[PDB]
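Participant: give me a 3D structure for the following:
(chains A and B, ligands or ions: 2)
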Amino acid sequence: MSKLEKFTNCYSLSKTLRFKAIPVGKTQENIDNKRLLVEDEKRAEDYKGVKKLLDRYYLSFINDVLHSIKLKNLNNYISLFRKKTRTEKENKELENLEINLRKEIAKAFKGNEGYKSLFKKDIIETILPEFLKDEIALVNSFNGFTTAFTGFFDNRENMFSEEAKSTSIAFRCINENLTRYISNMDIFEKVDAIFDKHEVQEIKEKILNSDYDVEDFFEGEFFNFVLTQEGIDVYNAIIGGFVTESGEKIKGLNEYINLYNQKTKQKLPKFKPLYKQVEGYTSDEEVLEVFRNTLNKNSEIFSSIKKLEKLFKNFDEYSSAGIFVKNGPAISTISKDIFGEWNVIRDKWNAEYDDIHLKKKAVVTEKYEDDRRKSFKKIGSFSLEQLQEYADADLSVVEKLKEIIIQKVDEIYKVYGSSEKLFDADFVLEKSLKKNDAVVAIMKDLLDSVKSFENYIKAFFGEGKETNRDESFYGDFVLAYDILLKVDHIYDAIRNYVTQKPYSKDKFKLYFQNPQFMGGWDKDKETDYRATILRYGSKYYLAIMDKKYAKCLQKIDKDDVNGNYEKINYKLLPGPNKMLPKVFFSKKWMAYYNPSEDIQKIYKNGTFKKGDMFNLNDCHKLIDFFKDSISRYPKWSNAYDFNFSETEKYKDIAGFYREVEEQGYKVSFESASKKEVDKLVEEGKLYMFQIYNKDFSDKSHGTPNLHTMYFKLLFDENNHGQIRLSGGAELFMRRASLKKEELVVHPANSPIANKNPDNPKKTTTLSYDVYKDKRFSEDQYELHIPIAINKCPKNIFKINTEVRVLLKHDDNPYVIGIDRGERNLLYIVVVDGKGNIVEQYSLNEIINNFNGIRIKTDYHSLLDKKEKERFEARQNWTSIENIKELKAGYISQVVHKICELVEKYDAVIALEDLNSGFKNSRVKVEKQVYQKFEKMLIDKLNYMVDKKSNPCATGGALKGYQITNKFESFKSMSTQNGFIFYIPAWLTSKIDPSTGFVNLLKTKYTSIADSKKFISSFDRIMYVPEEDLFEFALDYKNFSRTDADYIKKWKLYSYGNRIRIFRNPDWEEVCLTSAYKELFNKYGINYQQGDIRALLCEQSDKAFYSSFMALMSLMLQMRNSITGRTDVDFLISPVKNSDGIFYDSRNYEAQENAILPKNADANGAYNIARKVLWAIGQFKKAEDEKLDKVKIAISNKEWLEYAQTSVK
RNA sequence: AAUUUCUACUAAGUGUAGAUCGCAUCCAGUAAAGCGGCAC
Ligand SMILES: [Mg+2]
Ligand SMILES: [Mg+2]
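Facilitator: Residues are numbered from 1 along each chain as shown, chains lettered A, B, ... in the order given. Ligands and ions are numbered 1, 2, ... in the order given. The relevant structure is shown in the block below.
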């Protein structure tokens, strides 16, 4: 059997199929006349309204708990906070005190005051009505329809967690609000006497309050007062100042500190206000009104930009030791902008970490580099002083930063000038915004220039309780920035609006004035649920009974004079493990049966269940009781065909239940007069809809949609309960959003150009009209039907363990390698159990089969035309969205290609772990699309079907492969998920497949001395006359950071030629030996002399050495690419194989499915696969029961050992 | 340029080929990675 075979019927999975519901006959007229719809439509309107009222009571609630709270954890907390640290994980004691501050807040919500009636049915039933007429009325409407608020309900209970999320109130109460209060205490202590006694308390004490005193709000025990919004407003008014209910405009503390510019030493810190807590879709008038309002030259966002300009202009005035830059991407970027390279800061910091941790004897090891890396990441931030500590003299870090920041503000001001007419009161919109390209680009330009300023500027927060900070700097900075933060919302909303499809998918749920509408199908509650399913020939229908006529479907003849619909009776026995004991210990059954006490005692004590009070006979007695009770229960034994296993072969009660559950459900069809119900439709006693997708069209002649097959199979004789119909069906109405007269149309009888350049037919002429987006021009009913797949699994085991066991015992196991490439969206390499390539090719082109005809689509050319489009459109939003969606389409094609390969080779899949990576600019499928791809792959593999197989066949629609576990998280895409193994890409592309040689030397020229050392660290350097080549023979031991190489000693030869970047005002090509001959001649070095390393070091000037190294580096540069030309991105290796000939990639370009990789893209997919072979190799070394514990994570050192020894 | 819906189409003439429970994240490979259904 194929390894694949053993993976069927493993676990249940549930899916919902969607269809269009086409109203038949007079149904729509009746629906309108009886006005059934409007009930469900206004609810849809007021939904948003009621939500606001729920937020109202939520906010009164939050302010009942918050008025009532005294933080106990706090006071230790304040003293520790002002303890000024002193670290050594003494602060660790405190970081656990923090969490308990949020813990105390969460529990105070939950703990008391009728929190419980919050996200359950009783909140809009009674609670909202008793809290605060035009609003009570809207809430009343929703009753028995509490469904509407479930997604809302989940979004709002995250409010009260200890989650340390920006969602949490507690995080807000303690994490942001409290720290500011503390930070302000230390400002208040330092800046006390600046206040005039009359000036100080007298205006503030009286006009802001007349209660309390100003001093109070800078005492630690006063914080709890400031948890609620009033105390927050009171606090912020003390800092900011007040209106005064008149002209008075009483001054705040910050103004006074400002007015102490009279000393003009100033830079005396100002207080930071406390965070209060707890767009434009609709119209162009709306979208424009917001842009004008938030971004004009006297808006507050523009005010905060001028202040930040003033602040940073005085950057020199502040203490570089007390100004921090958050650690993360901002460090790479600012490194680039300050010094001129990405990794500089990281590099200097590695130079300093080594000296401390790097033992002289010690040789750098992968772990060492991993741990040092964990340390860097862990560092929260860097002061400007520290950054200047890396600053080479003749560069000022603060000043270079000043010129960069100021530059960015100047770029905002120039972009304002270019957008100036848009902010005229006089301005009006000539064209619709989607129509109006020129305007949209003006808006995007400005938004981008401010967003980028914001996003860059945001870096100067060390995201820490940093011990010493320039509070004078961060007072001004935090005041101004917080407004600037406002841009991100505006930006997103405006972009979502432009980016929108011209049509809308908004819709509303239909109950037809019935809270319990369409709860179930199979169940005979049809008088209650009032929906059912009809069949006629090949067509299926949804039939909805009017309340006054529920039984109308009951009494219908099986008329055979001419024609009948088939009528649905669905039988489901739900949850036998709860139900069988519920029914059969019923008082009525108890009457029916004089059940033995032996049975009752077994149940009550549960000696049937597992749990070591279980008795097998007791279990069997229970079963037999149930079995026999089943014979004598009409409702069930006239519904289902029970065929029970012998009682003895049942291991546990659970074994018995699966059979009840399995046989528990039956579906079959009744017979009902077509003419009779047809008339029921006419009279409006019954409403009918055809359940439809294009595959039900009389002109559909192609292979159907997968979901179409699922739906039909529901009612096919061959389907023995593998896919089942479930309740929870919903009907929606999707109001039309396009007007038919306004659609783009290709008129009948005129040729339409075909767009696929690989389609050999150039035009199409149809005799009817084709309309863009036609389906959105009509009101549309849609029907979502839930199904159950593999509800009663027979094969239970751990999927990961079973994959390992089968791989352990397989003689020629096959692996599919997938890699993302530079010249190829995706590239695939199939390999046997020994590393021989069986298949290699690009997936740039997706080839489709219809009939016997194959037509391909080159998705890489598509992306290329769209990238040119993005260039022509100056990178506007919509092209960006078009590219994202194209890619998401492409990956739905690829999923199918991978499935065929898995089925074809019974192969395991090898994929990049995207939790270990380097971003590569060259590759076209970015991380975020690839992650989506990997999720989709896993999802398919949960149940994998080939549509063209006969459904009952293994791998067909009734026996899908389940070779993957359910997706949990992206973080969870690591190690192995069933047939999928996640591999790190380290050292899979730039490595000789033939030898496993990898360049581990550093050839950058550094110093004349270093170059000599380099040259000297070589064993030999000799020109070989016979083979006309230079031979560099080396030991990796003599060079640093080569621990991973297994074959230490490699001989390098000049042979072949290489493509060099060779930038000139950037490509040229270079031969290798010619360069070695040229350069040596150039300097008077005769090279026919053995071991010229002593000789070479005799040279006196950089020029020899600078160019010797550049020459060397190129030779070790295996991967070569012009980038104008698809034709070559080749791989050539400076090292001979055992047989003595060097690997070139171009010698494999010609062949089909050649033994070694054909280009560098292939090499990468090839080597990703070999790492899985390595993993398989570890399985083959372990005992069956240890397999689950074996480690798949190959280490650069294991990898190179494997790559270099397995080649032979 | 037709769709349950999406993407690419026109595929031989009202359609073709994949894919397709729902929402949120869609740009930072140093922040986040989860919330639903379903099932237990
Ligand atoms: Mg089809
Ligand atoms: Mg389209």
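Participant: residues near residue A:313, how many?
Facilitator: Residue neighbour count, defined by other Cβ atoms under 10 Å, stands at 13 for residue A:313. C-betas here are computed from N, CA, C, even on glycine.
Participant: right, and it touches residue A:406 too?
Facilitator: Yes: proximity of residue A:313 to residue A:406 meets the contact threshold set by Cβ atoms under 8 Å, at 6.8 Å.
Participant: assign residue A:931 to helix, strand or coil.
Facilitator: The three-state label for residue A:931, taken from DSSP: H, G, I helix; E, B strand; the rest coil, comes out as helix.
Participant: enumerate every residue touching the residue of chain A found nearest RNA strand B.
Facilitator: In chain A, no residue comes nearer to RNA strand B than residue A:917, which is 1.4 Å away by Cβ to the nearest atom of the strand. Residues touching residue A:917, when contacts are defined by Cβ atoms under 8 Å, 6 or more residues apart in numbering, comprise A:927, A:984-985.
Participant: for residue A:756, identify the helix or strand it belongs to.
Facilitator: Mapping residue A:756 onto the secondary structure by DSSP states H and E places it in no helix or strand at all.
Participant: do you know how far the residue of chain A closest to RNA strand B is from residue A:887?
Facilitator: 18 Å (Cβ to Cβ, to the nearest Å).
Participant: what's the answer for residue A:2, then?
Facilitator: Using Cβ to Cβ, residue A:2 is found at 33 Å from residue A:887.
Participant: what about the two, which has more around it?
Facilitator: residue A:887 (22 against 13).
Participant: check the offset of the helix or strand harbouring the more buried one from the chain's centre.
Facilitator: Mapping residue A:887 onto the secondary structure by DSSP H and E places it in helix A:877-905. Taking Cα atoms, centre = their mean, to the nearest Å, one finds helix A:877-905 lying 16 Å from the centre of the chain it belongs to.
Participant: by contact count, what packs against the helix or strand following that helix?
Facilitator: Stepping forward along the backbone from helix A:877-905, the first helix or strand reached (DSSP H and E) is strand A:908-912. The contact analysis (3 or more Cβ pairs under 8 Å, 6 or more residues apart in numbering; DSSP states H and E) places strand A:908-912 against strand A:815-820, helix A:927-942, strand A:980-983, helix A:1160-1179.
Participant: so, in contact with RNA strand B or not, strand A:908-912?
Facilitator: Yes: part of strand A:908-912 sits close enough to RNA strand B to count as contact by Cβ under 7 Å from any atom of the strand, namely residue A:912.
Participant: what is the orientation angle of that strand with helix A:927-942?
Facilitator: The directions of strand A:908-912 and helix A:927-942 differ by 160 degrees, with axes from the mean of the first three to the mean of the last three Cα atoms, to 10 degrees as the criterion.
Participant: name the strands paired with strand A:908-912 and say parallel or antiparallel.
Facilitator: strand A:815-820 (parallel), strand A:980-983 (parallel) (DSSP bridges).
Participant: need these in JSON lines (columns: mean neighbour count).
Facilitator: Formatted as JSON lines, the strands paired with strand A:908-912 follow (neighbours: other Cβ atoms under 10 Å):
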{"stretch": "strand A:815-820", "mean neighbour count": "26"}
{"stretch": "strand A:980-983", "mean neighbour count": "25"}
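Participant: flag every residue of the stretch 101-250 of chain A that's near RNA strand B.
Facilitator: Where proximity means Cβ under 7 Å from any atom of the strand, the interface of the stretch 101-250 of chain A facing RNA strand B comprises A:150-151, A:154.
Participant: out of the strands paired with strand A:908-912, which is closest to residue A:531?
Facilitator: The minimum distance between residue A:531 and the strands paired with strand A:908-912 falls on strand A:980-983, with 40.6 Å, by Cβ to Cβ.
Participant: dump the C-alpha coordinates for the closest one into PDB.
Facilitator: Presented in PDB, the C-alpha positions along strand A:980-983 are these (Å, rounded to 0.1, in the frame of the first residue of the first chain):
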ATOM      1  CA  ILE A 980       4.700  18.500   5.900                       C
ATOM      2  CA  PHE A 981       8.200  19.200   7.300                       C
ATOM      3  CA  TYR A 982       9.500  22.800   8.000                       C
ATOM      4  CA  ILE A 983      13.100  23.300   7.100                       C
END
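Participant: helix or strand next in line after that strand, which one?
Facilitator: Once strand A:980-983 ends, the next helix or strand along the chain (criterion: DSSP H and E) is helix A:1008-1017.
Participant: list the buried residues for that following helix?
Facilitator: Residues of helix A:1008-1017 classed as buried under the neighbour-count rule (16 or more other Cβ atoms under 10 Å) are A:1011-1012, A:1014-1015.
Participant: looking at those residues, which is nearest residue A:1003?
Facilitator: Closest to residue A:1003, out of all of the buried residues of helix A:1008-1017 and judged by Cβ to Cβ, is residue A:1014, at 8.1 Å.
Participant: so who does that closest one touch?
Facilitator: Taking Cβ under 8 Å, 6+ apart, we find residue A:1014 in contact with A:1001, A:1109.
Participant: and for residue A:134?
Facilitator: Residue A:134 makes contact with no residue, according to Cβ under 8 Å, 6+ apart.
Participant: assumed the residue of chain A closest to RNA strand B was part of a strand.
Facilitator: No: with the criterion set as three-state DSSP, the secondary structure at residue A:917 is coil rather than a strand.
Participant: from residue A:930, how far off is it?
Facilitator: In this structure, residue A:917 and residue A:930 are 10 Å apart, going by Cβ to Cβ.
Participant: same deal with residue A:518?
Facilitator: Using Cβ to Cβ, which is the criterion applied here, residue A:518 is 40 Å from residue A:930.
Participant: now residue A:90
Facilitator: Taking Cβ to Cβ as the measure, residue A:90 and residue A:930 are separated by 44 Å.
Participant: can you give me the helices in the stretch 251-400 of chain A?
Facilitator: A:253-259, A:284-295, A:300-313, A:329-338, A:344-357, A:366-378, A:384-390, A:397-419 (DSSP state H, counting those that start in this stretch).
Participant: so which of those is nearest residue A:83?
Facilitator: Proximity to residue A:83 (Cβ to Cβ) singles out helix A:366-378 among the helices of the stretch 251-400 of chain A, at 21.8 Å.
Participant: and the closest one, anywhere near RNA strand B?
Facilitator: Yes: using Cβ under 7 Å from any atom of the strand, helix A:366-378 comes into contact with RNA strand B via A:376-377.
Participant: stretch A:604-620 now?
Facilitator: No: with Cβ under 7 Å from any atom of the strand as the criterion, RNA strand B is not reached by stretch A:604-620; the gap is at least 11.6 Å.
Participant: which of the residues in that stretch are buried?
Facilitator: A:607-609, A:618-620.
Participant: again with stretch A:690-708
Facilitator: In stretch A:690-708, residues buried by neighbour count (16+ other Cβ under 10 Å) are A:690-693, A:696, A:707-708.
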